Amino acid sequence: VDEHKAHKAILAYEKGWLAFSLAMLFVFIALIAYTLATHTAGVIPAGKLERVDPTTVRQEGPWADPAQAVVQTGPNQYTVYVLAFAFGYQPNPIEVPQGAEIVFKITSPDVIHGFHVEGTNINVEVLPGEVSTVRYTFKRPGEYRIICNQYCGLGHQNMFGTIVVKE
């Protein structure tokens, strides 16, 4: 029948479509796996549970003195202890050299904040009681804006920070 011929012709093309579909998704998985094997994967947060007490992080430890928050931990590597709080970032500004690997260690003494550096793939959630660790290397010197992109209360839309990358 006309309809029997349609069922058969429709399923025939539908089987090719499904084969093409899977092939396409497999190619996407290969192209993602590639990004995980390059330097660009440093923006993925460390999977380690690094617990802190949000009630003492401003009183004791590496977040307590923002002026000593940038530390040389390697020959071309700096670790930055960043506090995201209602409603700002410390230190402000963050001052780092061009071309060095920057390990950002970010926590909150209050609620969840975002840490999104305009012009980069640095885009990480900051949970109180937890440390978010991400790595990045700035190629160009200048001013990069930090945007809080997680709703943190009525000050959210004004919560901005500054990274200065020096030649």
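In case it trips you up, residue 1 is the first one in the sequence shown, and so on.
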Inset, instruction - Check the entry's C-alpha temperature factors for 91-99 and 69-77, then say which stretch has the higher mean. - result: 69-77
Legend entry - 108-116 versus 33-41 - which carries the larger mean C-alpha B factor in the record: 33-41
Inset, instruction - Could you look up the Cα B-factor of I146 in the entry and say which third of the chain it sits in: lowest, middle or highest? - result: lowest
Inset, instruction - Give the position of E60 by CA B-factor within its chain, expressed as the lowest, middle or highest third. - result: highest
Legend entry - Chain-wide C-alpha B factor ranking for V52, given as lowest, middle or highest third: middle
Inset, instruction - Relative to the other modelled residues of the same chain, rank the CA B-factor of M159 and answer lowest, middle or highest third. - result: lowest
Inset, instruction - Comparing against every modelled residue in the chain, figure out the third that the C-alpha B-factor of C152 lands in (lowest, middle or highest). - result: lowest
